[PDB]
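Undergrad: Pasting my_file_25.cif below, which is mmCIF, C-alpha atoms and all ligand atoms.
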```
data_protein
#
loop_
_atom_site.label_atom_id
_atom_site.label_comp_id
_atom_site.auth_asym_id
_atom_site.auth_seq_id
_atom_site.Cartn_x
_atom_site.Cartn_y
_atom_site.Cartn_z
CA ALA A 11 -34.00 37.16 9.53
CA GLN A 12 -30.39 36.57 10.48
CA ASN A 13 -29.20 37.23 14.11
CA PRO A 14 -32.65 38.13 15.46
CA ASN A 15 -31.46 38.39 19.11
CA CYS A 16 -28.86 41.04 17.93
CA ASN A 17 -25.84 39.25 19.45
CA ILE A 18 -22.34 40.51 18.82
CA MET A 19 -20.79 38.29 16.15
CA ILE A 20 -17.09 37.38 15.84
CA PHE A 21 -15.53 36.73 12.41
CA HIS A 22 -12.37 34.88 11.42
CA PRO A 23 -11.70 35.77 7.69
CA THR A 24 -9.12 33.81 5.77
CA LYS A 25 -6.25 35.67 4.05
CA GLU A 26 -8.20 35.42 0.79
CA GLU A 27 -11.37 36.82 2.35
CA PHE A 28 -9.25 39.71 3.84
CA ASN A 29 -8.49 41.19 0.42
CA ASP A 30 -11.69 42.93 -0.39
CA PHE A 31 -12.84 45.12 2.54
CA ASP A 32 -16.20 46.21 1.11
CA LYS A 33 -17.12 42.65 0.14
CA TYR A 34 -16.37 41.36 3.66
CA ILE A 35 -18.51 44.07 5.34
CA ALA A 36 -21.35 43.12 3.05
CA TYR A 37 -20.80 39.41 3.96
CA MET A 38 -20.94 40.17 7.69
CA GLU A 39 -24.19 42.03 7.15
CA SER A 40 -25.62 39.04 5.13
CA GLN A 41 -25.11 37.05 8.36
CA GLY A 42 -26.94 39.67 10.50
CA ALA A 43 -23.87 41.22 12.18
CA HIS A 44 -25.20 44.75 11.98
CA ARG A 45 -28.21 43.95 14.08
CA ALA A 46 -25.94 43.96 17.21
CA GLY A 47 -24.48 47.40 16.41
CA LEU A 48 -20.92 46.01 16.80
CA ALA A 49 -18.85 43.08 15.41
CA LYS A 50 -15.35 41.75 16.13
CA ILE A 51 -12.98 40.73 13.30
CA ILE A 52 -9.93 38.60 14.11
CA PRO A 53 -7.40 39.02 11.24
CA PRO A 54 -5.87 35.90 9.56
CA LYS A 55 -2.79 34.64 11.23
CA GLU A 56 -0.63 35.64 8.20
CA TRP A 57 -1.55 39.35 8.59
CA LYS A 58 0.21 42.11 10.47
CA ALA A 59 -0.46 45.87 10.77
CA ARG A 60 3.25 46.73 10.88
CA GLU A 61 6.53 45.00 11.79
CA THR A 62 7.03 46.32 15.36
CA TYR A 63 5.81 49.02 17.77
CA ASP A 64 9.34 49.67 19.07
CA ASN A 65 9.70 53.11 17.58
CA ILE A 66 6.43 55.01 18.56
CA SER A 67 7.58 56.81 21.69
CA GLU A 68 8.26 60.13 20.02
CA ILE A 69 4.70 60.64 18.68
CA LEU A 70 3.31 63.79 20.37
CA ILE A 71 0.02 63.98 22.23
CA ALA A 72 -0.42 67.76 21.86
CA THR A 73 -3.54 67.97 24.05
CA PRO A 74 -3.95 65.12 26.55
CA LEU A 75 -7.46 65.18 28.08
CA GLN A 76 -8.09 64.59 31.85
CA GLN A 77 -11.54 62.99 32.12
CA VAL A 78 -13.29 64.45 35.21
CA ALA A 79 -16.56 62.79 36.25
CA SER A 80 -19.70 64.16 38.00
CA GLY A 81 -22.71 62.23 39.23
CA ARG A 82 -23.12 58.78 40.71
CA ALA A 83 -21.18 55.59 39.99
CA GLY A 84 -23.61 54.24 37.43
CA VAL A 85 -24.92 57.52 35.99
CA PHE A 86 -22.36 60.25 35.36
CA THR A 87 -21.03 62.79 32.91
CA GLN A 88 -17.39 63.55 32.13
CA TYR A 89 -15.71 66.72 30.99
CA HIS A 90 -12.37 66.96 29.38
CA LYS A 91 -9.75 69.18 30.96
CA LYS A 92 -6.87 70.00 28.64
CA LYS A 93 -3.33 69.17 29.90
CA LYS A 94 0.12 70.11 28.69
CA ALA A 95 1.61 68.21 25.69
CA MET A 96 3.52 65.03 26.20
CA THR A 97 5.13 62.33 24.08
CA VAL A 98 3.78 58.76 23.83
CA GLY A 99 6.83 57.65 25.91
CA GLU A 100 6.00 60.15 28.60
CA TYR A 101 2.29 59.16 28.54
CA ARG A 102 3.13 55.43 28.79
CA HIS A 103 5.26 56.11 31.88
CA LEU A 104 2.39 58.08 33.38
CA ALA A 105 -0.14 55.32 32.62
CA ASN A 106 2.20 52.79 34.42
CA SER A 107 2.65 55.01 37.51
CA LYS A 108 1.20 54.02 40.85
CA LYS A 109 -1.46 56.82 40.60
CA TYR A 110 -2.81 55.60 37.18
CA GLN A 111 -1.93 51.93 36.71
CA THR A 112 -4.44 49.08 36.42
CA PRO A 113 -5.11 47.53 39.88
CA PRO A 114 -4.59 43.91 40.68
CA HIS A 115 -7.52 41.87 39.46
CA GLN A 116 -8.57 38.27 38.77
CA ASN A 117 -9.97 38.47 35.28
CA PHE A 118 -11.81 40.84 32.86
CA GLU A 119 -15.07 40.52 34.87
CA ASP A 120 -13.41 41.51 38.14
CA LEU A 121 -11.83 44.52 36.40
CA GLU A 122 -15.19 45.50 34.92
CA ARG A 123 -16.72 45.44 38.43
CA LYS A 124 -13.92 47.66 39.73
CA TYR A 125 -14.35 50.10 36.78
CA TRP A 126 -18.06 50.64 37.49
CA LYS A 127 -17.58 50.83 41.25
CA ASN A 128 -14.69 53.26 41.20
CA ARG A 129 -14.41 55.16 37.92
CA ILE A 130 -15.94 58.39 39.19
CA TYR A 131 -13.36 58.76 41.98
CA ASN A 132 -10.46 59.13 39.59
CA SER A 133 -9.59 61.37 36.62
CA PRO A 134 -7.57 59.36 34.03
CA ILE A 135 -5.77 61.13 31.12
CA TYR A 136 -6.73 60.08 27.52
CA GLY A 137 -4.56 60.83 24.42
CA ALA A 138 -7.57 60.77 22.12
CA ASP A 139 -8.31 62.02 18.71
CA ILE A 140 -4.73 62.40 17.27
CA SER A 141 -4.69 62.60 13.41
CA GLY A 142 -2.35 59.91 12.08
CA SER A 143 -1.77 56.17 11.35
CA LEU A 144 0.37 53.28 12.61
CA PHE A 145 -0.33 50.97 9.62
CA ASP A 146 2.74 50.31 7.46
CA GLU A 147 2.27 51.64 3.94
CA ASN A 148 3.02 48.20 2.68
CA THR A 149 0.08 46.60 4.54
CA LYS A 150 -2.47 46.20 1.76
CA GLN A 151 -5.35 44.51 3.62
CA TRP A 152 -7.53 46.41 6.18
CA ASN A 153 -5.18 49.35 6.27
CA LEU A 154 -7.34 52.07 7.92
CA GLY A 155 -5.36 54.83 6.11
CA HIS A 156 -6.19 53.30 2.66
CA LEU A 157 -9.91 52.83 2.80
CA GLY A 158 -12.39 54.17 0.19
CA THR A 159 -13.48 57.63 1.35
CA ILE A 160 -16.98 58.63 2.51
CA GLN A 161 -16.98 61.46 -0.07
CA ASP A 162 -16.32 58.95 -2.86
CA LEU A 163 -19.11 56.67 -1.55
CA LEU A 164 -21.59 59.59 -1.50
CA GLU A 165 -20.51 60.44 -5.02
CA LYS A 166 -20.83 56.86 -6.27
CA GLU A 167 -24.33 56.45 -4.71
CA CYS A 168 -25.86 59.83 -5.28
CA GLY A 169 -23.84 61.40 -8.14
CA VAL A 170 -22.84 64.55 -6.30
CA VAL A 171 -19.17 65.47 -5.93
CA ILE A 172 -18.34 67.09 -2.61
CA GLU A 173 -15.34 68.65 -0.75
CA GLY A 174 -13.80 66.99 2.30
CA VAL A 175 -11.37 64.34 3.39
CA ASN A 176 -11.55 61.24 5.67
CA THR A 177 -8.36 60.34 7.71
CA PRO A 178 -7.71 58.08 10.71
CA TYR A 179 -7.19 58.96 14.36
CA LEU A 180 -5.00 57.47 17.08
CA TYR A 181 -6.11 56.96 20.70
CA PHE A 182 -3.59 56.39 23.49
CA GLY A 183 -5.46 55.09 26.61
CA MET A 184 -4.82 54.20 30.23
CA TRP A 185 -6.80 52.46 32.96
CA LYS A 186 -10.31 53.95 33.33
CA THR A 187 -10.13 56.16 30.22
CA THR A 188 -13.67 56.22 28.94
CA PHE A 189 -15.69 56.70 25.76
CA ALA A 190 -19.17 58.01 26.47
CA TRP A 191 -22.41 56.72 24.89
CA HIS A 192 -22.63 57.84 21.24
CA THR A 193 -23.27 56.95 17.65
CA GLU A 194 -20.89 58.19 14.94
CA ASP A 195 -21.17 61.56 13.16
CA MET A 196 -24.05 61.30 10.65
CA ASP A 197 -24.64 57.72 12.02
CA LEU A 198 -21.63 56.49 9.97
CA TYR A 199 -19.86 53.16 10.51
CA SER A 200 -16.62 53.11 12.46
CA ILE A 201 -13.70 50.66 12.40
CA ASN A 202 -11.24 50.44 15.30
CA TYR A 203 -7.98 48.47 15.41
CA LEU A 204 -6.30 47.89 18.77
CA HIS A 205 -2.58 48.11 17.81
CA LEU A 206 -1.00 47.30 21.16
CA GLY A 207 -1.31 47.08 24.89
CA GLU A 208 -4.15 46.34 27.24
CA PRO A 209 -7.78 45.57 26.26
CA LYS A 210 -10.78 47.81 25.55
CA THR A 211 -14.26 46.81 26.82
CA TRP A 212 -17.26 47.83 24.69
CA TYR A 213 -20.98 48.11 25.39
CA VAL A 214 -23.49 48.44 22.48
CA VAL A 215 -27.23 48.94 21.92
CA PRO A 216 -28.73 47.29 18.78
CA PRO A 217 -29.62 50.00 16.16
CA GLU A 218 -33.27 48.94 16.18
CA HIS A 219 -33.40 49.85 19.88
CA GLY A 220 -31.39 53.04 19.93
CA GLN A 221 -34.39 55.26 20.68
CA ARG A 222 -34.87 53.28 23.98
CA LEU A 223 -31.44 54.36 25.07
CA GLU A 224 -32.19 57.98 24.05
CA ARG A 225 -35.41 58.04 26.11
CA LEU A 226 -33.56 56.67 29.16
CA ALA A 227 -30.81 59.25 28.72
CA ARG A 228 -33.37 62.12 28.63
CA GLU A 229 -34.76 60.80 31.96
CA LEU A 230 -31.32 60.42 33.59
CA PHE A 231 -29.83 63.67 32.37
CA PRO A 232 -32.86 65.98 32.44
CA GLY A 233 -31.00 69.39 32.31
CA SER A 234 -28.87 68.22 29.37
CA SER A 235 -31.96 67.05 27.55
CA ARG A 236 -33.65 70.48 27.90
CA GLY A 237 -30.47 72.12 26.57
CA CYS A 238 -30.30 70.01 23.39
CA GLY A 239 -32.58 67.60 21.54
CA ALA A 240 -29.52 65.45 20.60
CA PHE A 241 -27.26 65.83 23.59
CA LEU A 242 -25.69 62.38 23.27
CA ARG A 243 -23.85 63.97 20.29
CA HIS A 244 -21.84 65.84 23.01
CA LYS A 245 -20.23 62.55 23.95
CA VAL A 246 -20.25 63.13 27.74
CA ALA A 247 -22.83 60.72 29.29
CA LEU A 248 -22.19 57.36 30.89
CA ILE A 249 -24.75 54.79 32.04
CA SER A 250 -23.62 51.47 33.59
CA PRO A 251 -24.70 47.97 32.56
CA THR A 252 -26.47 47.60 35.90
CA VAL A 253 -28.54 50.72 35.26
CA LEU A 254 -29.32 49.64 31.67
CA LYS A 255 -30.54 46.21 32.96
CA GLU A 256 -32.68 47.89 35.65
CA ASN A 257 -34.37 49.97 32.96
CA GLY A 258 -34.84 47.14 30.44
CA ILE A 259 -32.51 48.56 27.76
CA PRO A 260 -31.27 45.90 25.39
CA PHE A 261 -27.44 45.80 25.09
CA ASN A 262 -24.40 43.58 24.75
CA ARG A 263 -20.79 43.69 25.85
CA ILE A 264 -17.46 42.42 24.56
CA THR A 265 -13.75 42.93 25.23
CA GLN A 266 -11.36 43.74 22.36
CA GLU A 267 -7.71 42.64 22.64
CA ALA A 268 -4.61 43.77 20.88
CA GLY A 269 -4.55 42.65 17.24
CA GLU A 270 -8.34 42.67 16.83
CA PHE A 271 -10.72 44.94 14.83
CA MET A 272 -14.12 46.15 15.90
CA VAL A 273 -16.72 47.56 13.52
CA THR A 274 -19.59 49.72 14.70
CA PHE A 275 -22.65 49.88 12.45
CA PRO A 276 -24.92 52.86 11.60
CA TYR A 277 -26.89 54.06 14.61
CA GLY A 278 -25.24 51.50 16.96
CA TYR A 279 -24.80 53.35 20.29
CA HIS A 280 -21.59 52.35 22.01
CA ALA A 281 -19.54 53.20 25.15
CA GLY A 282 -16.59 51.64 26.96
CA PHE A 283 -13.30 51.84 28.77
CA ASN A 284 -9.61 50.90 28.53
CA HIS A 285 -7.98 48.36 30.85
CA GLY A 286 -4.52 49.91 30.91
CA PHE A 287 -1.98 51.55 28.57
CA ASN A 288 -3.00 50.93 24.92
CA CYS A 289 -3.10 52.39 21.45
CA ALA A 290 -6.04 52.15 19.04
CA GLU A 291 -6.62 53.57 15.50
CA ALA A 292 -10.08 54.31 14.18
CA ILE A 293 -11.84 55.91 11.21
CA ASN A 294 -15.38 56.41 9.96
CA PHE A 295 -16.58 54.77 6.70
CA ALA A 296 -19.73 54.38 4.65
CA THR A 297 -21.42 51.76 2.47
CA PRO A 298 -24.55 51.97 0.32
CA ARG A 299 -26.66 50.87 3.24
CA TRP A 300 -25.49 53.88 5.30
CA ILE A 301 -27.12 56.49 3.02
CA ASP A 302 -30.57 56.06 4.54
CA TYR A 303 -29.14 56.40 8.06
CA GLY A 304 -27.31 59.54 7.10
CA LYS A 305 -30.49 61.12 5.84
CA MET A 306 -32.25 60.43 9.16
CA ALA A 307 -29.37 61.15 11.61
CA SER A 308 -30.10 63.49 14.47
CA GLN A 309 -28.17 66.53 14.84
CA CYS A 310 -26.88 68.80 17.71
CA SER A 311 -27.44 72.46 16.76
CA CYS A 312 -26.91 73.90 20.37
CA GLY A 313 -23.27 74.56 19.69
CA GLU A 314 -21.77 71.93 21.92
CA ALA A 315 -21.00 69.05 19.51
CA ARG A 316 -18.67 71.03 17.14
CA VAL A 317 -17.29 68.65 14.46
CA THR A 318 -15.03 68.29 11.42
CA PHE A 319 -14.98 70.21 8.20
CA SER A 320 -16.18 67.23 6.19
CA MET A 321 -19.54 66.94 8.00
CA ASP A 322 -20.72 70.15 6.34
CA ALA A 323 -21.27 68.53 2.97
CA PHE A 324 -22.99 65.48 4.42
CA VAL A 325 -25.61 67.71 6.16
CA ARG A 326 -25.90 70.02 3.16
CA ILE A 327 -26.62 67.22 0.67
CA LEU A 328 -28.44 64.63 2.82
CA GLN A 329 -30.32 66.98 5.16
CA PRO A 330 -30.88 70.29 3.34
CA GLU A 331 -33.87 71.27 5.58
CA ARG A 332 -31.63 70.98 8.71
CA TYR A 333 -28.59 72.64 7.16
CA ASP A 334 -29.17 76.31 8.08
CA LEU A 335 -29.89 75.53 11.78
CA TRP A 336 -27.03 73.02 12.10
CA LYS A 337 -24.53 75.46 10.53
CA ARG A 338 -25.55 78.21 13.03
CA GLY A 339 -24.58 75.64 15.73
CA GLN A 340 -21.18 75.23 14.04
CA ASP A 341 -20.74 79.10 13.94
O1 LIG B 401 -11.68 53.99 21.36
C1 LIG B 401 -12.39 54.97 21.76
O2 LIG B 401 -12.05 55.75 22.70
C2 LIG B 401 -13.63 55.39 21.07
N1 LIG B 401 -13.83 54.66 19.76
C3 LIG B 401 -14.96 54.69 19.10
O3 LIG B 401 -16.00 55.27 19.54
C4 LIG B 401 -15.03 54.02 17.78
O4 LIG B 401 -14.00 53.42 17.35
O5 LIG B 401 -16.10 54.16 17.18
MG MG B 402 8.21 57.88 17.58
NI NI B 403 -17.42 55.52 18.15
ZN ZN B 404 -26.18 70.00 21.52
#
```
What would the structure in this file look like if it were written as structure tokens?
Ligand SMILES: O=C(O)CNC(=O)C(=O)O
Ligand SMILES: [Mg+2]
Ligand code: NI
Ligand SMILES: [Zn+2]
TA:
Amino acid sequence: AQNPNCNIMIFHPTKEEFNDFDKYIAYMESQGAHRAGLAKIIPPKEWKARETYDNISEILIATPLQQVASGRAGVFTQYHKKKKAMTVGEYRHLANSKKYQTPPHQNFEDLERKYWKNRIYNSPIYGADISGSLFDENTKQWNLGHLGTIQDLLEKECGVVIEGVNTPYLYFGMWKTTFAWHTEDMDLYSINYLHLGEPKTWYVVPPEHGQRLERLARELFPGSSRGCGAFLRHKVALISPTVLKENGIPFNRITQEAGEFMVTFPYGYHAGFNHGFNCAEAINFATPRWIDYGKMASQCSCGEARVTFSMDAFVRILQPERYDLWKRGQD
């Protein structure tokens, strides 16, 4: 069995190996990469996502989200308070202001220590979940707006044609902006490209151990757990590395830098934070190996998780017993 300790693997494809996206995912899996839940892919030196980032300031962040925490430093939830619209140039200036800018630090480990010590005492503003792409149309390799769609994969594997579309999302971050512990919708893969700016630190639980994280979360967030049998689908709970280690939960960590891709694998729980002003692009995708995870994915039916149009068909076809209850949650 490849990668039996479930370590995060880092790949360096050549320009020739970068042509065929599906083939390279399957290669990484042949080497055991999925067992970690997360892999890093450094593009060949010949590749670029676009020519420059000099002209992005007029993108609009229609609903910036202020991330307000509650709890203790290592065990907390966050809620998202909606703020007035601002442009990417306005948000970058805000991120760089004395109130929001990254503090002085020695290295990534010192900054990580400061994040976990101090996150809860501040409310950073995240420009998350913005439909769109920064890949040039002429970039043919690993262009997250040109991937094979999840609806086409379901149709190729299972024969059933379904409605829905699959497009990328932009994330504009600042110091301390946070992504809570989650797996993807329907335990899909995700791919994330960090276009510019400061790093993103990731934490991940191997898929084979995801239920250990769920049991810890039910203990640490006991009211939330009574409210919903899949409350991590709400994407609000944070648990620090120190707390995970104290409770014996297997995990790994890695920092992504500008110019690098990360792939999350089906049922790989992940969480993390941004180091300073940045911009990432991400999208969900599927492969044949996903289908079995989709069939078994938990679902929130309490009403909180509220998701895209295109998840309807995935539930309806892969989980017909759950469909009626889940759809009530959506309505
Ligand atoms: O970058 C973020 O805020 C969150 N990203 C992801 O969870 C992902 O790419 O799967
Ligand atoms: Mg612009
Ligand atoms: Ni994710
Ligand atoms: Zn719920």
Undergrad: What does the distance between atom CA of residue A:138 and atom CA of residue A:124 come to in Å, to one decimal place?
TA: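 One can read the atom CA of residue A:138 to atom CA of residue A:124 distance as 22.9 Å.
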Undergrad: Near residue A:186, within 8 Å and counting only C-alpha atoms, which residues show up once chain neighbours fewer than 3 positions away are dropped, as number ranges by chain?
TA: A: 125, 129, 134, 283-286
Undergrad: Pick out the closest residue to residue A:204 from this set: A:271, A:261, A:126, A:179. Count only C-alpha atoms.
TA: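 Ranked by minimum distance to residue A:204, first place goes to A:271.
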Undergrad: Give one line per residue of stretch 80-178 of chain A that approaches stretch 31-36 of chain A to at most 12 Å, naming the two atoms of the closest pair and their distance in Å to one decimal, counting all atoms listed in the file; sort by chain then ascending residue number and deliver it as JSON lines.
TA:
```
{"residue": "A:150", "atom": "CA", "partner": "A:31", "partner_atom": "CA", "distance": 10.5}
{"residue": "A:151", "atom": "CA", "partner": "A:31", "partner_atom": "CA", "distance": 7.6}
{"residue": "A:152", "atom": "CA", "partner": "A:31", "partner_atom": "CA", "distance": 6.6}
{"residue": "A:153", "atom": "CA", "partner": "A:31", "partner_atom": "CA", "distance": 9.5}
{"residue": "A:154", "atom": "CA", "partner": "A:31", "partner_atom": "CA", "distance": 10.4}
{"residue": "A:156", "atom": "CA", "partner": "A:31", "partner_atom": "CA", "distance": 10.5}
{"residue": "A:157", "atom": "CA", "partner": "A:31", "partner_atom": "CA", "distance": 8.3}
{"residue": "A:158", "atom": "CA", "partner": "A:32", "partner_atom": "CA", "distance": 8.9}
{"residue": "A:159", "atom": "CA", "partner": "A:32", "partner_atom": "CA", "distance": 11.7}
{"residue": "A:163", "atom": "CA", "partner": "A:32", "partner_atom": "CA", "distance": 11.2}
```
Undergrad: Using C-alpha atoms, can you export the residues from the last selection as a PDB file, in the frame of the given file?
TA:
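Contents of the output file again-v6.pdb:
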```pdb
ATOM      1  CA  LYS A 150      -2.470  46.200   1.760  1.00  0.00           C
ATOM      2  CA  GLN A 151      -5.350  44.510   3.620  1.00  0.00           C
ATOM      3  CA  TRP A 152      -7.530  46.410   6.180  1.00  0.00           C
ATOM      4  CA  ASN A 153      -5.180  49.350   6.270  1.00  0.00           C
ATOM      5  CA  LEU A 154      -7.340  52.070   7.920  1.00  0.00           C
ATOM      6  CA  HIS A 156      -6.190  53.300   2.660  1.00  0.00           C
ATOM      7  CA  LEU A 157      -9.910  52.830   2.800  1.00  0.00           C
ATOM      8  CA  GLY A 158     -12.390  54.170   0.190  1.00  0.00           C
ATOM      9  CA  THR A 159     -13.480  57.630   1.350  1.00  0.00           C
ATOM     10  CA  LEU A 163     -19.110  56.670  -1.550  1.00  0.00           C
TER      11      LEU A 163
END
```
Undergrad: So, counting all atoms listed in the file, which residue among A:20, A:325, A:242, A:290 is closest to ligand LIG 401 (chain B)?
TA: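 Among the listed residues, the smallest separation from ligand LIG 401 (chain B) belongs to A:290.
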Undergrad: For residue A:146, work out the shell of residues within 10 Å, counting only C-alpha atoms and skipping chain neighbours fewer than 6 positions away, then give it as a VMD selection string.
TA: chain A and resid 58 to 62 153 155
Undergrad: Given all atoms listed in the file as the basis, pick out the residue of A:13, A:97, A:177, A:187 nearest to ligand MG 402 (chain B).
TA: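 Of all the options, A:97 lies closest to ligand MG 402 (chain B).
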Undergrad: I'd like the contact shell of residue A:206 - 8 Å cut-off, only C-alpha atoms, skipping same-chain residues fewer than 3 positions apart - returned as a list in words.
TA: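 Close residues of residue A:206: residues 63, 268, 269, 288, 289 and 290 of chain A.
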Undergrad: Would you work out the distance separating atom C4 of ligand LIG 401 (chain B) from atom CA of residue A:26, expressed in Å to one decimal?
TA: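 Those two atoms sit 26.1 Å apart.
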Undergrad: Would you name the residues within 7 Å of ligand ZN 404 (chain B), counting only C-alpha atoms and all ligand atoms, and put them as JSON, numbers by chain?
TA: {"A": [237, 238, 239, 240, 241, 243, 244, 310, 311, 312, 313, 314, 315]}
Undergrad: Start from the incomplete input, build N, CA and C atoms for stretch 101-124 of chain A, and deliver everything as a PDB file, keeping the file's coordinate frame.
TA:
```
ATOM      1  N   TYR A 101       3.646  59.572  28.188  1.00  0.00           N
ATOM      2  CA  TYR A 101       2.290  59.160  28.540  1.00  0.00           C
ATOM      3  C   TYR A 101       2.308  57.695  28.985  1.00  0.00           C
ATOM      4  N   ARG A 102       3.044  56.817  28.363  1.00  0.00           N
ATOM      5  CA  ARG A 102       3.130  55.430  28.790  1.00  0.00           C
ATOM      6  C   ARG A 102       3.694  55.354  30.225  1.00  0.00           C
ATOM      7  N   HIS A 103       4.735  56.114  30.497  1.00  0.00           N
ATOM      8  CA  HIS A 103       5.260  56.110  31.880  1.00  0.00           C
ATOM      9  C   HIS A 103       4.241  56.588  32.856  1.00  0.00           C
ATOM     10  N   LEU A 104       3.444  57.599  32.549  1.00  0.00           N
ATOM     11  CA  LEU A 104       2.390  58.080  33.380  1.00  0.00           C
ATOM     12  C   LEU A 104       1.316  57.045  33.614  1.00  0.00           C
ATOM     13  N   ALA A 105       0.882  56.365  32.559  1.00  0.00           N
ATOM     14  CA  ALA A 105      -0.140  55.320  32.620  1.00  0.00           C
ATOM     15  C   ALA A 105       0.305  54.192  33.604  1.00  0.00           C
ATOM     16  N   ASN A 106       1.598  53.897  33.590  1.00  0.00           N
ATOM     17  CA  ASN A 106       2.200  52.790  34.420  1.00  0.00           C
ATOM     18  C   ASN A 106       2.498  53.285  35.813  1.00  0.00           C
ATOM     19  N   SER A 107       2.329  54.497  36.196  1.00  0.00           N
ATOM     20  CA  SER A 107       2.650  55.010  37.510  1.00  0.00           C
ATOM     21  C   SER A 107       1.686  54.487  38.536  1.00  0.00           C
ATOM     22  N   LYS A 108       2.098  54.543  39.831  1.00  0.00           N
ATOM     23  CA  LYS A 108       1.200  54.020  40.850  1.00  0.00           C
ATOM     24  C   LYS A 108      -0.190  54.762  40.848  1.00  0.00           C
ATOM     25  N   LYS A 109      -0.201  56.026  40.550  1.00  0.00           N
ATOM     26  CA  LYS A 109      -1.460  56.820  40.600  1.00  0.00           C
ATOM     27  C   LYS A 109      -2.463  56.327  39.489  1.00  0.00           C
ATOM     28  N   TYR A 110      -1.961  55.873  38.335  1.00  0.00           N
ATOM     29  CA  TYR A 110      -2.810  55.600  37.180  1.00  0.00           C
ATOM     30  C   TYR A 110      -2.872  54.181  36.745  1.00  0.00           C
ATOM     31  N   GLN A 111      -1.992  53.273  37.232  1.00  0.00           N
ATOM     32  CA  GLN A 111      -1.930  51.930  36.710  1.00  0.00           C
ATOM     33  C   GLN A 111      -3.123  51.060  37.057  1.00  0.00           C
ATOM     34  N   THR A 112      -3.385  50.095  36.196  1.00  0.00           N
ATOM     35  CA  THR A 112      -4.440  49.080  36.420  1.00  0.00           C
ATOM     36  C   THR A 112      -4.231  48.410  37.802  1.00  0.00           C
ATOM     37  N   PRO A 113      -5.257  48.252  38.578  1.00  0.00           N
ATOM     38  CA  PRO A 113      -5.110  47.530  39.880  1.00  0.00           C
ATOM     39  C   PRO A 113      -5.020  46.068  39.646  1.00  0.00           C
ATOM     40  N   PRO A 114      -4.503  45.369  40.721  1.00  0.00           N
ATOM     41  CA  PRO A 114      -4.590  43.910  40.680  1.00  0.00           C
ATOM     42  C   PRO A 114      -6.009  43.410  40.530  1.00  0.00           C
ATOM     43  N   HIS A 115      -6.224  42.375  39.739  1.00  0.00           N
ATOM     44  CA  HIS A 115      -7.520  41.870  39.460  1.00  0.00           C
ATOM     45  C   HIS A 115      -7.420  40.401  39.085  1.00  0.00           C
ATOM     46  N   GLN A 116      -8.550  39.732  39.137  1.00  0.00           N
ATOM     47  CA  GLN A 116      -8.570  38.270  38.770  1.00  0.00           C
ATOM     48  C   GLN A 116      -8.741  37.938  37.314  1.00  0.00           C
ATOM     49  N   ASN A 117      -9.577  38.718  36.631  1.00  0.00           N
ATOM     50  CA  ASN A 117      -9.970  38.470  35.280  1.00  0.00           C
ATOM     51  C   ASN A 117     -10.736  39.695  34.727  1.00  0.00           C
ATOM     52  N   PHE A 118     -11.166  39.658  33.479  1.00  0.00           N
ATOM     53  CA  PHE A 118     -11.810  40.840  32.860  1.00  0.00           C
ATOM     54  C   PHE A 118     -13.075  41.197  33.634  1.00  0.00           C
ATOM     55  N   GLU A 119     -13.856  40.237  34.124  1.00  0.00           N
ATOM     56  CA  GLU A 119     -15.070  40.520  34.870  1.00  0.00           C
ATOM     57  C   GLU A 119     -14.832  41.219  36.208  1.00  0.00           C
ATOM     58  N   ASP A 120     -13.736  40.848  36.885  1.00  0.00           N
ATOM     59  CA  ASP A 120     -13.410  41.510  38.140  1.00  0.00           C
ATOM     60  C   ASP A 120     -13.007  43.014  37.811  1.00  0.00           C
ATOM     61  N   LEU A 121     -12.222  43.176  36.774  1.00  0.00           N
ATOM     62  CA  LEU A 121     -11.830  44.520  36.400  1.00  0.00           C
ATOM     63  C   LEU A 121     -13.037  45.362  35.998  1.00  0.00           C
ATOM     64  N   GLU A 122     -13.998  44.814  35.265  1.00  0.00           N
ATOM     65  CA  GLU A 122     -15.190  45.500  34.920  1.00  0.00           C
ATOM     66  C   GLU A 122     -15.975  45.981  36.175  1.00  0.00           C
ATOM     67  N   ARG A 123     -16.098  45.102  37.187  1.00  0.00           N
ATOM     68  CA  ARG A 123     -16.720  45.440  38.430  1.00  0.00           C
ATOM     69  C   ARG A 123     -15.982  46.629  39.084  1.00  0.00           C
ATOM     70  N   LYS A 124     -14.667  46.599  39.131  1.00  0.00           N
ATOM     71  CA  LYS A 124     -13.920  47.660  39.730  1.00  0.00           C
ATOM     72  C   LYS A 124     -14.073  48.991  38.949  1.00  0.00           C
TER      73      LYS A 124
END
```
